[PDB]
Amino acid sequence: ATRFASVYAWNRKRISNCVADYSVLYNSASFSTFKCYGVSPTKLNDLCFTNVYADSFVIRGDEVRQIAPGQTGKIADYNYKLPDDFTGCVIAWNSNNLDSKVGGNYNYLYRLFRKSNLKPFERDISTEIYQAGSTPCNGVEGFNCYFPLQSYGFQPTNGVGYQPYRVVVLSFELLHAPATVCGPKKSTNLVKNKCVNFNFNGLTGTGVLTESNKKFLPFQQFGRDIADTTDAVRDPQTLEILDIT
Amino acid sequence: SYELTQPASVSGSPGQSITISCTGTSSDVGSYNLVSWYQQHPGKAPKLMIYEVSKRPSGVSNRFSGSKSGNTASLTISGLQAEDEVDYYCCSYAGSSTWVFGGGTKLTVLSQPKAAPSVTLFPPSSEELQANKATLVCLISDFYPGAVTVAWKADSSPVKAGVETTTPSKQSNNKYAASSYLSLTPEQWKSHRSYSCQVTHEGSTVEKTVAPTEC
Amino acid sequence: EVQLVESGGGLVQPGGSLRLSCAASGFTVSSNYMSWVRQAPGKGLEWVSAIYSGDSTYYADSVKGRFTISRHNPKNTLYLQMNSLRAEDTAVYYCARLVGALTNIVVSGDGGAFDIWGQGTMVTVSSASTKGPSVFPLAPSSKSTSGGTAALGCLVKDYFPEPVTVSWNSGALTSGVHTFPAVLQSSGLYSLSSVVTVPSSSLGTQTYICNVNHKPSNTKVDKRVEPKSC
């Protein structure tokens, strides 16, 4: 995406019920900070979740350590918190090369001034002034107003921790629910006229795969005829009727 | 124009307590915790003593302490010394990111020993009488406190043509200095036989007899 | 090197301007809160302006629209351009660094102080033009010469405006330099005297020339004090 938001200004979207290959980014390797939390990064294309919400924002290149489950900082206390046992993966890499220009990218900001801690997955957008004691301002920016949004500056000349990083937050949950987005599944081709194991969409067996003579009806997958002799299976790719012996 | 209301002069004893107030409005003191107190030597800048009203600074002498009660603030001063007699001011966050300072509080320190002034009246310069003007230079120093009255005596006659009475000026060693000036004409200078500056500081007067030059 | 440098004050007509330059040292004004303080000498302190770190300019009541504050973030100098000058502007102008949380002495709370100080400048706003001093070297009294407390002086008389920072004998004399403040005469003419308590044994031998400079008049008077000789 050519346009992002600040870490306090992050957006929440949701992708459900399709195919998403996540490990295809491995050999793509536009990475700096490949990391998952609490789950193995391999089998995300194998098994999958519901409530597969997604986030995206910009982070200055030094506070990347603060994205850690429970570990506080500029981000987890004041900008965006991920809880103890953050179900998800967070992978970061540089965005100086497009989401930064000369003179400083003074468009993204960060919240610093807030009384208390944040929530899991919290969008802490507000228009509130700070107070360290008991006496607030009268509107004009002074000694304890503390407009919490100080402008991030991203020049093409800064250090190594002073660069904008593209980073996403994979907001995941586990509620017993209909099954949304998973990885695309390895549809290896068929074989005919040989005793062979197979595994179709869930159900499986082992025998030969040959043609038929009889037709199906437009919602059929597999046919059993006498006492679950599941023999007449239409193939899921070519949508043509086959037989199992 | 826009200052903070204080009593201009308080007084206390060494080793005791005193409270200097700072009364403002409903936009400077009654909604902000920033009644801060400074230490201005007359002729110098102020000096940071009290700020962040209930908090105390690092390593600074504990003889000053501020407190704020609504609109009327306070400077709870405990343990006066000889080094407390300068110009005192309170500063407040005057609302809408503006600032305001005090109306002055001249702490008059009691129980200090009065010093006798070393009086020496001067004749004017030899380069002044040729230019047809003259001056009586009366200089008063080592005196405490600042209470002076001017009474000139020029050969058993009071001089009231241009009496200038001064305001006190602090020295560097917690004493006070002064400078009195009586201009006359040289056509009247040689007429008067003797000159004496009789300054009455705290009652006493000491005069010195100078005369026009013989040559 | 914590230092504030207020200077540049002088003879300014009512209806003119003057640009000060608070050379801030010990820190930078690019990341610290700043303010100006005006004060007639000995009178009440009076606040002027508040530029903040990052150039947000805030003023007082009377100076709202009149004075013009400006800085330079690498040069570290707080400027005070002054338009619409009044007769009440006879005041010493102190720049003073405002304490916030970006000031290095406050972690939590409120801040609000001035810790680093300078010397102040003498911006004189009056209709009177320049006039040089009349330095009158006061002859010593022979009674104090016999007493040992040698009292010689030089009367820096009839000059305008402030100040004269009196030094003795190309600045080599430090002890006893006690320049008395002037009284406001009826003639409108400043007059100070300068009597140092040097020993009586240096009379005639040591060349007594008080170094008097009146900077708004460009008149530095080399003037010798001489004893009673015939």
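Derivation of every value follows stated rules applied to the coordinates shown; laboratory data play no part. When we count neighbours, we look across all protein chains shown, and the Cβ atoms used for this are built from the backbone with ideal geometry, even at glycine.
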Over the alpha-carbon set of the range B:140-204, work out the extent along each principal axis and list the three values in angstrom, largest first. 41, 21, 18
Using a Gaussian network model on chain B with a 10 Å cutoff between Cα atoms, which of B:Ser191, B:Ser11, B:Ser54 fluctuates the most? B:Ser191
Quick check on my link table: of B:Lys190/C:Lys143; A:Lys81/B:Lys68; B:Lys208/C:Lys215; B:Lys160/C:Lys220; B:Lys44/C:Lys75; B:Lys170/C:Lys215, which ones sit more than 28 Å apart, alpha carbon to alpha carbon? A:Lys81/B:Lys68; B:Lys208/C:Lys215; B:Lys160/C:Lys220
For the table C:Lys43/C:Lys64; B:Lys47/B:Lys175; A:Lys185/A:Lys215, the rows whose alpha-carbon distance is greater than 25 Å are A:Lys185/A:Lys215
At a threshold of 8 angstrom on Cα-Cα distance, excluding pairs fewer than six apart, so keeping six or more, what relative contact order does the range C:1-94 reach in percent? 34
Theoretical gain in end-to-end length, B:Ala151 to B:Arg56 [0.36 nm per residue, Cα-Cα removed]: 29.3 nm
Point-to-point label distance, C:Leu184-B:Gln81, nm (Cα→Cβ direction, 7 Å offset): 3.5
The range A:1-66: trypsin sites (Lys or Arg not before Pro) in DSSP coil with no more than 14 other Cβ atoms inside 10 Å: A:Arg3, A:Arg12, A:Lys35, A:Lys43
So what are the three principal axis dimensions of the range C:37-91 from its Cα atoms, in whole Å, longest to shortest? 34, 23, 14
Virtual spin-label span in nm between B:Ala8 and A:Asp85, 7 Å along Cα→Cβ: 7.5
Taking the Cα centre of chain A as the origin and placing charges on Cβ (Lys, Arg +1; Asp, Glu -1), which of A:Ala20, A:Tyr146, A:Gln66 is farthest toward the positive end of the dipole? A:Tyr146
In nanometres, what is the gap between the two model label sites at B:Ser204 and A:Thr188, each 7 Å from Cα along Cα-to-Cβ? 11.7
Dipole magnitude of the range B:1-152, debye to nearest 20 (Cβ charges: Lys/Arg +1, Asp/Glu -1, about Cα centre): 340
For peptide C:93-102, what's the mean number of Cβ atoms from other chains within 10 Å of each residue's Cβ? 3
Restricting attention to the alpha-carbon atoms of chain A, what are Rg (one decimal) and Dmax (integer), both in Å? 26.2, 87
Run the lone-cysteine check on chain A: no other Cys C-beta under 4.7 Å from the residue's C-beta. A:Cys18, A:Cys195
Expressed in whole Å with the largest first, what are the equivalent ellipsoid semi-axes of the protein assembly as shown derived from the C-alpha gyration tensor as the square root of 5 times each eigenvalue? 88, 24, 19
Within straight-line cross-link reach of B:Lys153, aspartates and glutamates at Cα separation under 16 Å, skipping those fewer than 8 residues along the same chain: B:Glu164, B:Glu207
Please give the residues of the range C:135-167, grouped as numeric ranges, whose backbone N is less than 14 Å from a label point set 7 Å along the Cα-to-Cβ vector of C:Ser201. C:148-150
Please state the shape class of the range C:101-158: rounded when a/c is under 1.5, otherwise prolate if a/b exceeds b/c and oblate if not, all from the C-alpha gyration tensor. oblate
Would you mind calculating the relative contact order of chain C from Cα pairs under 8 angstrom and at least 6 residues apart, reporting the percent as a whole number? 18
